[PDB]
């Protein structure tokens, strides 16, 4: 049986979902928020955030249903949700308000763009931006996985105003993504995903084990330094639980894989992948794009490495073991591997240890 609060039990009715899909989305949204934000004080903001995480979950599953251009419009209901009102309840009167409005809209925009019928030019530029540098992969994946959004929401649901610096958010995202992308590796590869750190860094277990161990070690140093503050614990709770959801949430396949993690041949998500089978402009969406994404989507073709292998159209069918975007050259792949292996110096700098 799936469980979630009565408050949300009638959400997402009459939106194009089966009763099975709808109850799975609501349970997933609730579990994600409980796992990522276990400590809260404000129930009204907590439920608003659960509802926004439900819409995010719909955007990932069936993005065609979500009117991206209405998410930030006051008075507008998207699949029954007053999205801008929920964002205002959560973030209005905090220092991160205007930035989190663009973070939310930008995340859902590219979730919808990636499910689309045919590759848009926004999609193609995103696919090439994330392959263009490791720091740009981490910033854009941060938005895609809602890392800094969850951290700020966690602080807001404790009735405090987030005061992390830009470099603290970048350190937190690099730790969380390095862990999460490692555990999701086999699901993401079986689905020929573009948004996985190891699509660019390399598929060898030895690299993954090494940088996982370093990120978890830095996270334990961060936890030891920050655990006496509510804001500190709000960031720790979110980052630490990112990989653990593979075991804690009923959306993942821990039980169905024989109580295993990291074994692709017993995996229910990999076996599902194996068994399986009107154009938004930069102009129309720029109001909602955060600055790093705007620059990411306008990087000149010529200022990117010309040795890496791009294509006209990404997606379509691929062999077992292949991810779905830009294939880095040896020099670029060496650049990424070296950036990730250097995390400890960069982060002890960025986090103020």
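Numbering follows the first chain given and starts at 1.
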item: Deposited residues omitted from coordinates between residue 277 and residue 278, as a class; value: 10 or more
item: Which of 101-109 and 259-267 has higher mean CA B factor, as the PDB entry lists it; value: 259-267
item: Between the two ranges 286-294 and 317-325, the one averaging a larger CA B factor in the entry; value: 317-325
item: Among 56, 42, 306, 28 - the residue whose C-alpha B-factor is largest in the record; value: 306
item: Selection from 228, 253, 188, 141 [criterion: highest C-alpha temperature factor in the record]; value: 253
item: Ranked against its chain, the third holding the CA B-factor of residue 330; value: highest
item: For residue 181, the third of its chain into which the C-alpha B factor falls; value: lowest
item: CA B-factor ranking of residue 11, expressed as a third of its chain; value: lowest
item: Modelled-residue ranking by C-alpha temperature factor, third containing residue 20; value: middle
item: Chain third (lowest, middle, highest) by recorded CA B-factor, residue given as residue 124; value: highest
